[PDB]
Amino acid sequence: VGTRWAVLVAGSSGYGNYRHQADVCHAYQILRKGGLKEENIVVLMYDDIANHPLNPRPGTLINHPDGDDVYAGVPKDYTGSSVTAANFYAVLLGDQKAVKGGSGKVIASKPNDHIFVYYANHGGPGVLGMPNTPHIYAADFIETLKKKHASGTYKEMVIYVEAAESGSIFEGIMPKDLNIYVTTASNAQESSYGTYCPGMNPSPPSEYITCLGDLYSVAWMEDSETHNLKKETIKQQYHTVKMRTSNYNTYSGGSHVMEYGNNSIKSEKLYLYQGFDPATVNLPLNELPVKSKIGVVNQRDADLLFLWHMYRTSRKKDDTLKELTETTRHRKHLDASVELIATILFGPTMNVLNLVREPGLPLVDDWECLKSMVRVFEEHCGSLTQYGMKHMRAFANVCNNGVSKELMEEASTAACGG
Ligand SMILES: *[C@@H]1O[C@H](CO)[C@@H](O[C@@H]2O[C@H](CO)[C@@H](O)[C@H](O)[C@H]2NC(C)=O)[C@H](O)[C@H]1NC(C)=O
């Protein structure tokens, strides 16, 4: 007879990343309808979307083309500059003192309690995005889970992670004895996908020129809201989500949903974590959920999709056209910087830094070195940005190949100085 807790985190901001905060708000409504209490649900979101100037319906958020508002009622626990990696860890550990700013709500859980964690944004190999730097590094996240387990302040925990290369956050480092079960949107090397976007099928209402959701996220949320959670197992949800996210085993506009931690937890019913909604119990015959294939966009290209459609539907015309050209060239400049550093170190052909480790291995052996090499890069080449998280394997392999900090500095200066 425990208490059910939850942490909902959006790791991004900006109207181009509408979907991520819409994902989280939708997740909150599902938990509330299921009977979870607001005091037991901590929400971390930048909160810049609902009243964004570009929002055609101010004060609302939708996570589906024909969907209703999901923004109303969502608590403002940690918004704006308080959405940090440090606050996320502190909330999860339930240490109210370590929290800086915000409402001060934390997961002060007890040994018999259940915890549900859901992250949604951007990502890269070994890294999860945050709207305020520094980003989340996998080792710090796993270590936080270890301390939480050591305190023994929970019975079991389930974690859902929506991000690109999200499997890399847990592979090679996530233990199976922490009473934690984890699912991720993709494996350690592949892209994730956003959905309900303009120019595709299905599309949002024409006034929306940005993506409403993400494939993996809307997969489990639409699943939970249309099924009896007293009957459905975690095992069944994983199976359904994996199938939809893979675009039904075609992997064309789809990714590989991965799982980590203790798999025996999968036998349990979803209501122990997500609550139970009586409305879903014995639905009439003609209202049973029927799912079909949906168009998607690469998670890292959803930004460009937003800028291009805003250009098409439009002096705001060229302000957007100019922002499109500048964004494109900034990304290519950043790609060139990483490529040049790799080329300087190990050459332009069969570059050793581009080698992907076998499934099951950790991305990097020295995680503190990974942080260090990123700082060196940013000191010379400028901020890596959330887009630049795609290049994180290059920095990881610099550490794995034992390249010293001095040589990285030398290569970074030659590549970006001037
Ligand atoms: C993996 O998770 C299970 C629970 O799903 C942990 O618990 C075992 O299963 C029964 C279920 O009632 C418990 O009462 C026992 O205490 C556990 N038995 C054994 C043999 O473990 C299980 O311990 C977890 N495994 C690990 C390695 O932590």
# chains A, B, ... in the order shown; residues from 1 in each chain; ligands from 1

$ residues_near_ligand --ligand "ligand 1" --cutoff "10 Å" --atoms "only C-alpha atoms and all ligand atoms" --output "PDB file with N, CA and C atoms, in the first residue's frame"
ATOM      1  N   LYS A 155      10.378   1.111  -3.592  1.00  0.00           N
ATOM      2  CA  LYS A 155      10.249  -0.317  -3.846  1.00  0.00           C
ATOM      3  C   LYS A 155      10.769  -0.649  -5.242  1.00  0.00           C
ATOM      4  N   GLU A 156      10.157  -0.053  -6.262  1.00  0.00           N
ATOM      5  CA  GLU A 156      10.596  -0.241  -7.643  1.00  0.00           C
ATOM      6  C   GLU A 156      10.389   1.028  -8.462  1.00  0.00           C
ATOM      7  N   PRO A 175      23.049  -0.946 -14.074  1.00  0.00           N
ATOM      8  CA  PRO A 175      22.978  -2.221 -13.350  1.00  0.00           C
ATOM      9  C   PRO A 175      21.575  -2.826 -13.377  1.00  0.00           C
ATOM     10  N   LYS A 176      21.473  -4.114 -13.066  1.00  0.00           N
ATOM     11  CA  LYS A 176      20.187  -4.795 -13.093  1.00  0.00           C
ATOM     12  C   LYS A 176      19.702  -5.140 -11.689  1.00  0.00           C
ATOM     13  N   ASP A 177      20.368  -4.586 -10.677  1.00  0.00           N
ATOM     14  CA  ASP A 177      20.026  -4.889  -9.292  1.00  0.00           C
ATOM     15  C   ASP A 177      19.591  -3.650  -8.510  1.00  0.00           C
ATOM     16  N   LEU A 178      19.062  -2.647  -9.207  1.00  0.00           N
ATOM     17  CA  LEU A 178      18.629  -1.412  -8.553  1.00  0.00           C
ATOM     18  C   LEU A 178      17.112  -1.328  -8.409  1.00  0.00           C
ATOM     19  N   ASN A 179      16.428  -2.423  -8.735  1.00  0.00           N
ATOM     20  CA  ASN A 179      14.964  -2.476  -8.776  1.00  0.00           C
ATOM     21  C   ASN A 179      14.399  -1.424  -9.733  1.00  0.00           C
ATOM     22  N   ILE A 180      15.067  -1.259 -10.872  1.00  0.00           N
ATOM     23  CA  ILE A 180      14.677  -0.273 -11.873  1.00  0.00           C
ATOM     24  C   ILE A 180      14.547  -0.912 -13.254  1.00  0.00           C
ATOM     25  N   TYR A 181      13.461  -0.591 -13.954  1.00  0.00           N
ATOM     26  CA  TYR A 181      13.278  -1.023 -15.336  1.00  0.00           C
ATOM     27  C   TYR A 181      13.241   0.193 -16.263  1.00  0.00           C
ATOM     28  N   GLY A 261      17.932  -2.671 -17.263  1.00  0.00           N
ATOM     29  CA  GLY A 261      17.616  -2.893 -15.863  1.00  0.00           C
ATOM     30  C   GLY A 261      17.018  -4.264 -15.599  1.00  0.00           C
ATOM     31  N   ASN A 262      16.115  -4.334 -14.625  1.00  0.00           N
ATOM     32  CA  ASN A 262      15.485  -5.591 -14.228  1.00  0.00           C
ATOM     33  C   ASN A 262      14.229  -5.881 -15.051  1.00  0.00           C
ATOM     34  N   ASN A 263      14.303  -6.895 -15.909  1.00  0.00           N
ATOM     35  CA  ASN A 263      13.199  -7.233 -16.802  1.00  0.00           C
ATOM     36  C   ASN A 263      12.028  -7.940 -16.129  1.00  0.00           C
ATOM     37  N   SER A 264      12.235  -8.455 -14.922  1.00  0.00           N
ATOM     38  CA  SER A 264      11.164  -9.169 -14.230  1.00  0.00           C
ATOM     39  C   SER A 264      10.056  -8.208 -13.791  1.00  0.00           C
ATOM     40  N   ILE A 265      10.379  -6.916 -13.753  1.00  0.00           N
ATOM     41  CA  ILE A 265       9.419  -5.877 -13.387  1.00  0.00           C
ATOM     42  C   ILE A 265       8.316  -5.789 -14.446  1.00  0.00           C
ATOM     43  N   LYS A 266       8.647  -6.198 -15.668  1.00  0.00           N
ATOM     44  CA  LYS A 266       7.732  -6.126 -16.805  1.00  0.00           C
ATOM     45  C   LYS A 266       6.428  -6.901 -16.595  1.00  0.00           C
ATOM     46  N   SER A 267       6.437  -7.878 -15.689  1.00  0.00           N
ATOM     47  CA  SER A 267       5.249  -8.700 -15.453  1.00  0.00           C
ATOM     48  C   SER A 267       4.156  -7.948 -14.691  1.00  0.00           C
ATOM     49  N   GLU A 268       4.525  -6.826 -14.082  1.00  0.00           N
ATOM     50  CA  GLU A 268       3.598  -6.052 -13.260  1.00  0.00           C
ATOM     51  C   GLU A 268       2.605  -5.225 -14.080  1.00  0.00           C
TER      52      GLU A 268
END

$ residues_around --residues "residue 113 (chain A)" --least-positions-apart "6" --cutoff "8 Å" --atoms "only C-alpha atoms" --output "PDB file with N, CA and C atoms, in the first residue's frame"
ATOM      1  N   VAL A   1       0.824  -1.209   0.000  1.00  0.00           N
ATOM      2  CA  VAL A   1       0.000   0.000   0.000  1.00  0.00           C
ATOM      3  C   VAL A   1       0.861   1.264   0.000  1.00  0.00           C
ATOM      4  N   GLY A   2       1.701   1.399  -1.022  1.00  0.00           N
ATOM      5  CA  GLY A   2       2.578   2.549  -1.160  1.00  0.00           C
ATOM      6  C   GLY A   2       1.976   3.767  -1.833  1.00  0.00           C
ATOM      7  N   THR A   3       2.818   4.778  -2.037  1.00  0.00           N
ATOM      8  CA  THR A   3       2.451   6.011  -2.733  1.00  0.00           C
ATOM      9  C   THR A   3       3.121   6.041  -4.106  1.00  0.00           C
ATOM     10  N   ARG A   4       2.400   6.496  -5.125  1.00  0.00           N
ATOM     11  CA  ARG A   4       2.953   6.533  -6.475  1.00  0.00           C
ATOM     12  C   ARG A   4       3.469   7.929  -6.840  1.00  0.00           C
ATOM     13  N   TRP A   5       4.778   8.020  -7.083  1.00  0.00           N
ATOM     14  CA  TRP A   5       5.431   9.284  -7.432  1.00  0.00           C
ATOM     15  C   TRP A   5       5.753   9.360  -8.921  1.00  0.00           C
ATOM     16  N   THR A 153      14.774   4.225  -0.528  1.00  0.00           N
ATOM     17  CA  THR A 153      13.566   5.021  -0.347  1.00  0.00           C
ATOM     18  C   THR A 153      12.515   4.755  -1.420  1.00  0.00           C
ATOM     19  N   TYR A 154      12.540   3.557  -1.995  1.00  0.00           N
ATOM     20  CA  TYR A 154      11.515   3.152  -2.955  1.00  0.00           C
ATOM     21  C   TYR A 154      11.512   1.639  -3.144  1.00  0.00           C
ATOM     22  N   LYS A 155      10.378   1.111  -3.592  1.00  0.00           N
ATOM     23  CA  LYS A 155      10.249  -0.317  -3.846  1.00  0.00           C
ATOM     24  C   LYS A 155      10.769  -0.649  -5.242  1.00  0.00           C
ATOM     25  N   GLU A 156      10.157  -0.053  -6.262  1.00  0.00           N
ATOM     26  CA  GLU A 156      10.596  -0.241  -7.643  1.00  0.00           C
ATOM     27  C   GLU A 156      10.389   1.028  -8.462  1.00  0.00           C
TER      28      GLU A 156
END

$ residues_around --residues "region 277-284 of chain A" --least-positions-apart "2" --cutoff "6 Å" --atoms "only C-alpha atoms" --output "PyMOL selection string"
chain A and resi 33-34+226-228+286-287

$ write_last_selection --atoms "C-alpha atoms" --output "PDB file, in the first residue's frame"
ATOM      1  CA  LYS A  33      -6.727  10.787 -14.569  1.00  0.00           C
ATOM      2  CA  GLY A  34      -5.127   7.604 -13.244  1.00  0.00           C
ATOM      3  CA  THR A 226      -7.028   3.893 -24.245  1.00  0.00           C
ATOM      4  CA  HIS A 227      -6.480   0.726 -22.192  1.00  0.00           C
ATOM      5  CA  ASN A 228      -7.437  -0.727 -18.804  1.00  0.00           C
ATOM      6  CA  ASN A 286     -17.212   1.125 -31.805  1.00  0.00           C
ATOM      7  CA  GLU A 287     -14.808   3.112 -29.622  1.00  0.00           C
TER       8      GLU A 287
END

$ select_by_dssp --residues "region 67-250 of chain A" --states "strand (DSSP E or B)" --output "mmCIF file with C-alpha atoms, in the first residue's frame"
data_model
loop_
_atom_site.group_PDB
_atom_site.id
_atom_site.type_symbol
_atom_site.label_atom_id
_atom_site.label_comp_id
_atom_site.auth_asym_id
_atom_site.auth_seq_id
_atom_site.Cartn_x
_atom_site.Cartn_y
_atom_site.Cartn_z
ATOM 1 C CA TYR A 78 10.644 24.110 -12.073
ATOM 2 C CA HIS A 114 6.589 3.370 -6.629
ATOM 3 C CA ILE A 115 8.278 5.907 -8.914
ATOM 4 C CA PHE A 116 7.691 6.714 -12.593
ATOM 5 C CA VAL A 117 10.264 8.797 -14.478
ATOM 6 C CA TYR A 118 9.666 10.233 -17.958
ATOM 7 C CA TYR A 119 12.167 12.329 -19.943
ATOM 8 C CA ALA A 120 11.480 13.947 -23.314
ATOM 9 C CA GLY A 123 19.873 13.755 -27.063
ATOM 10 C CA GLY A 124 23.113 12.298 -28.326
ATOM 11 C CA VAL A 127 24.117 12.825 -23.288
ATOM 12 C CA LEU A 128 20.595 14.168 -22.649
ATOM 13 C CA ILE A 136 22.801 15.619 -18.583
ATOM 14 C CA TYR A 137 25.668 13.122 -18.781
ATOM 15 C CA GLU A 156 10.596 -0.241 -7.643
ATOM 16 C CA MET A 157 11.023 2.314 -10.431
ATOM 17 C CA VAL A 158 10.161 2.584 -14.144
ATOM 18 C CA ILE A 159 11.924 5.007 -16.511
ATOM 19 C CA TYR A 160 10.823 6.090 -19.997
ATOM 20 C CA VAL A 161 13.336 8.105 -22.055
ATOM 21 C CA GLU A 162 12.483 9.996 -25.251
ATOM 22 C CA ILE A 180 14.677 -0.273 -11.873
ATOM 23 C CA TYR A 181 13.278 -1.023 -15.336
ATOM 24 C CA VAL A 182 14.073 1.242 -18.298
ATOM 25 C CA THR A 183 12.851 1.702 -21.879
ATOM 26 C CA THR A 184 14.356 4.052 -24.483
ATOM 27 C CA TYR A 193 11.667 10.664 -34.607
ATOM 28 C CA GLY A 194 9.164 13.479 -34.111
ATOM 29 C CA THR A 195 5.618 13.182 -35.432
ATOM 30 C CA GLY A 213 4.663 15.179 -30.598
ATOM 31 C CA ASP A 214 7.288 12.453 -30.824
ATOM 32 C CA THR A 233 1.204 -5.251 -18.163
#

$ residues_around --residues "residue 144 (chain A)" --least-positions-apart "3" --cutoff "8 Å" --atoms "only C-alpha atoms" --output "list in words"
residues 89, 92, 93, 140, 141, 147 and 148 of chain A

$ write_last_selection --atoms "N, CA, C and O atoms" --output "PDB file, in the first residue's frame"
ATOM      1  N   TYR A  89      18.471  15.917 -10.628  1.00  0.00           N
ATOM      2  CA  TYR A  89      19.068  14.911  -9.752  1.00  0.00           C
ATOM      3  C   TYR A  89      18.576  15.068  -8.319  1.00  0.00           C
ATOM      4  O   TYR A  89      18.239  14.085  -7.656  1.00  0.00           O
ATOM      5  N   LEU A  92      15.011  13.946  -7.911  1.00  0.00           N
ATOM      6  CA  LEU A  92      14.935  12.489  -7.961  1.00  0.00           C
ATOM      7  C   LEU A  92      15.443  11.856  -6.664  1.00  0.00           C
ATOM      8  O   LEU A  92      14.910  10.838  -6.214  1.00  0.00           O
ATOM      9  N   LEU A  93      16.463  12.466  -6.061  1.00  0.00           N
ATOM     10  CA  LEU A  93      17.016  11.962  -4.807  1.00  0.00           C
ATOM     11  C   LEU A  93      16.115  12.335  -3.636  1.00  0.00           C
ATOM     12  O   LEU A  93      16.176  11.725  -2.574  1.00  0.00           O
ATOM     13  N   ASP A 140      26.408  10.512 -14.618  1.00  0.00           N
ATOM     14  CA  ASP A 140      25.866  11.247 -13.480  1.00  0.00           C
ATOM     15  C   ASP A 140      24.444  10.782 -13.180  1.00  0.00           C
ATOM     16  O   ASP A 140      24.055  10.645 -12.019  1.00  0.00           O
ATOM     17  N   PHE A 141      23.675  10.538 -14.234  1.00  0.00           N
ATOM     18  CA  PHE A 141      22.301  10.064 -14.098  1.00  0.00           C
ATOM     19  C   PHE A 141      22.263   8.676 -13.462  1.00  0.00           C
ATOM     20  O   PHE A 141      21.480   8.424 -12.546  1.00  0.00           O
ATOM     21  N   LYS A 147      22.615   6.059  -5.884  1.00  0.00           N
ATOM     22  CA  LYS A 147      22.482   6.660  -4.561  1.00  0.00           C
ATOM     23  C   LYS A 147      21.046   6.551  -4.051  1.00  0.00           C
ATOM     24  O   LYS A 147      20.816   6.277  -2.873  1.00  0.00           O
ATOM     25  N   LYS A 148      20.088   6.755  -4.950  1.00  0.00           N
ATOM     26  CA  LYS A 148      18.673   6.650  -4.611  1.00  0.00           C
ATOM     27  C   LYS A 148      18.334   5.238  -4.148  1.00  0.00           C
ATOM     28  O   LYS A 148      17.619   5.051  -3.166  1.00  0.00           O
TER      29      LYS A 148
END

$ closest_atom_pairs --of "region 189-209 of chain A" --to "region 256-259 of chain A" --cutoff "12 Å" --atoms "only C-alpha atoms" --output "tab-separated table"
residue	atom	partner	partner_atom	distance
A:189	CA	A:256	CA	10.1
A:190	CA	A:256	CA	8.1
A:191	CA	A:256	CA	9.4
A:192	CA	A:256	CA	8.9
A:193	CA	A:256	CA	11.0

$ write_last_selection --atoms "C-alpha atoms" --output "PDB file, in the first residue's frame"
ATOM      1  CA  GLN A 189      23.599   4.836 -32.360  1.00  0.00           C
ATOM      2  CA  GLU A 190      20.399   5.641 -34.259  1.00  0.00           C
ATOM      3  CA  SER A 191      18.113   8.651 -34.641  1.00  0.00           C
ATOM      4  CA  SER A 192      14.764   9.219 -32.922  1.00  0.00           C
ATOM      5  CA  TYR A 193      11.667  10.664 -34.607  1.00  0.00           C
TER       6      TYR A 193
END

$ closest_residue --among "A:196, A:395, A:220, A:387" --to "residue 126 (chain A)" --atoms "only C-alpha atoms"
A:395

$ select_by_dssp --residues "region 111-237 of chain A" --states "alpha helix (DSSP H)" --output "PDB file with C-alpha atoms, in the first residue's frame"
ATOM      1  CA  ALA A 138      24.743   9.435 -18.566  1.00  0.00           C
ATOM      2  CA  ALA A 139      27.210   8.530 -15.794  1.00  0.00           C
ATOM      3  CA  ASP A 140      25.866  11.247 -13.480  1.00  0.00           C
ATOM      4  CA  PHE A 141      22.301  10.064 -14.098  1.00  0.00           C
ATOM      5  CA  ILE A 142      23.175   6.428 -13.405  1.00  0.00           C
ATOM      6  CA  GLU A 143      25.142   7.396 -10.290  1.00  0.00           C
ATOM      7  CA  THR A 144      22.112   9.346  -9.061  1.00  0.00           C
ATOM      8  CA  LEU A 145      19.982   6.220  -9.476  1.00  0.00           C
ATOM      9  CA  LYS A 146      22.565   4.246  -7.509  1.00  0.00           C
ATOM     10  CA  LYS A 147      22.482   6.660  -4.561  1.00  0.00           C
ATOM     11  CA  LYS A 148      18.673   6.650  -4.611  1.00  0.00           C
ATOM     12  CA  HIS A 149      18.651   2.854  -4.494  1.00  0.00           C
ATOM     13  CA  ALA A 150      21.251   2.833  -1.710  1.00  0.00           C
ATOM     14  CA  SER A 151      18.995   5.051   0.424  1.00  0.00           C
ATOM     15  CA  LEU A 215       6.781   8.888 -32.089  1.00  0.00           C
ATOM     16  CA  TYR A 216       7.891   6.909 -29.031  1.00  0.00           C
ATOM     17  CA  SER A 217       6.131   9.291 -26.629  1.00  0.00           C
ATOM     18  CA  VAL A 218       2.727   9.383 -28.312  1.00  0.00           C
ATOM     19  CA  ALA A 219       3.045   5.606 -28.674  1.00  0.00           C
ATOM     20  CA  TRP A 220       2.965   4.865 -24.935  1.00  0.00           C
ATOM     21  CA  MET A 221       0.725   7.770 -23.956  1.00  0.00           C
ATOM     22  CA  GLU A 222      -2.000   6.967 -26.502  1.00  0.00           C
ATOM     23  CA  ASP A 223      -1.635   3.356 -25.351  1.00  0.00           C
ATOM     24  CA  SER A 224      -2.110   4.154 -21.643  1.00  0.00           C
ATOM     25  CA  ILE A 234       4.377  -3.208 -18.612  1.00  0.00           C
ATOM     26  CA  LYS A 235       5.438  -6.099 -20.850  1.00  0.00           C
ATOM     27  CA  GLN A 236       2.442  -5.520 -23.110  1.00  0.00           C
ATOM     28  CA  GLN A 237       3.093  -1.775 -23.291  1.00  0.00           C
TER      29      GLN A 237
END

$ atom_distance --atom1 "CA of residue 294 (chain A)" --atom2 "CA of residue 14 (chain A)"
24.3 Å

$ atom_distance --atom1 "CA of residue 107 (chain A)" --atom2 "CA of residue 94 (chain A)"
4.3 Å
